[PDB]
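Asker: Just so you know, PDB author numbering puts the end of the sequence shown at 208, numbered straight through with nothing missing.
The structure follows.
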Amino acid sequence: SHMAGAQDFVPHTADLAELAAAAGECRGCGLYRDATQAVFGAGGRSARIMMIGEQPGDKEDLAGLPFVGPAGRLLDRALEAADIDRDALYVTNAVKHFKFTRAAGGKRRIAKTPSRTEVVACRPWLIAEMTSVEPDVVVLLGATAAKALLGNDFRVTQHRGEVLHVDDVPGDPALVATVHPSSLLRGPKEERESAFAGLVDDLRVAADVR
Ligand SMILES: O=c1cc[nH]c(=O)[nH]1
Ligand code: SF4
């Protein structure tokens, strides 16, 4: 069967503060139990560009805000190269509770890919955030966020660098699917620098869309 997920837990408000506090009470999937807190979005409803990642990392889970670690610094590098003010954005994630595993002698917490069940469970919060902010443009950072709004069969590589519209997205924002900043953290340097430049292209396009 198709799950209710977080729908039981989303209060009937468009206020981003009330939603974030309510999200700390969510039991829409299993991820609230081990995590410290919900990591809701950052920014205000006046934003015209919304950005969506995959899930919190270790430091996100401690801070309670998205993109505060290494991936967030690289994101800030990309936004600066695209002439975008981070505080003019609404930045969030498809999944709001840190999914992780502990380990014998490892890093304290190691992030684990959310399952599609968890992504669909958490999606009502994303819908609430888009209803709250009414973005004109939505940047989808990486495969998980893209599939969160475009469906489980969406392939980012098939649509890189296109401005899309979908039928189920509230307010009918333009959509730009692109690379996740964490992807620029490892790999061959050449590929990483060209990918960073491509991210910058997708951001400049997004900041230009009307
Ligand atoms: O906030 C964050 C941090 C790491 N990876 C994501 O997708 N979002
Ligand atoms: S992850 Fe999303 S759905 Fe699962 S419990 Fe936390 S908020 Fe609710």
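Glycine included, C-beta positions come from ideal geometry on N, C-alpha and C.
#1: Tell me whether the segment 160 to 180 and the segment 123 to 138 touch, counting them as touching only if at least three CB pairs, one residue from each stretch, are closer than 8 Å.
#2: Using only alpha-carbon positions, find the residue among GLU127, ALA20, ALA102, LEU29 that is nearest to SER113.
#3: Thinking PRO122 and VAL89 are a contact (beta carbons under 8 Å), I'd like their distance in whole angstroms, please.
#4: Express the C-alpha separation of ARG190 and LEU183 in angstroms, rounding to a whole number.
#5: Alpha carbon to alpha carbon, how far is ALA79 from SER(-1)?
#6: Can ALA119 be considered in contact with ligand 2, in the sense that its beta carbon sits closer than 8 Å to one or more heavy atoms?
#7: Which residue's Cα is closest to the Cα of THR99: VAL167, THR155, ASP56?
#8: By Cβ distance below 8 Å, which residues in the same chain neighbour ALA119 in space, the five residues on each side in sequence not counted?
#9: My output table needs one value for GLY149: the three-state DSSP class, helix, strand or coil.
#10: Just confirm the distance between the C-beta atoms of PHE7 and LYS94, as a whole number of angstroms; I'd bet it's less than 8 Å.
#11: Grouping DSSP H, G and I as helix and E and B as strand, with all else coil, what is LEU173?
#12: State the start and end residues of the unbroken alpha helix (DSSP H) segment that holds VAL198.
Answerer: According to the structure data:
#1: yes
#2: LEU29
#3: At roughly 19 Å, the Cβ-Cβ gap does not stay under 8 Å, so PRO122 and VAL89 are not in contact.
#4: 8 Å
#5: 45 Å
#6: yes
#7: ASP56
#8: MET1, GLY3, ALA4, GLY26, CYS27
#9: coil
#10: Going by Cβ atoms, the distance from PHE7 to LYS94 rounds to 11 Å, so no, they are not a contact pair.
#11: strand
#12: 187 to 206
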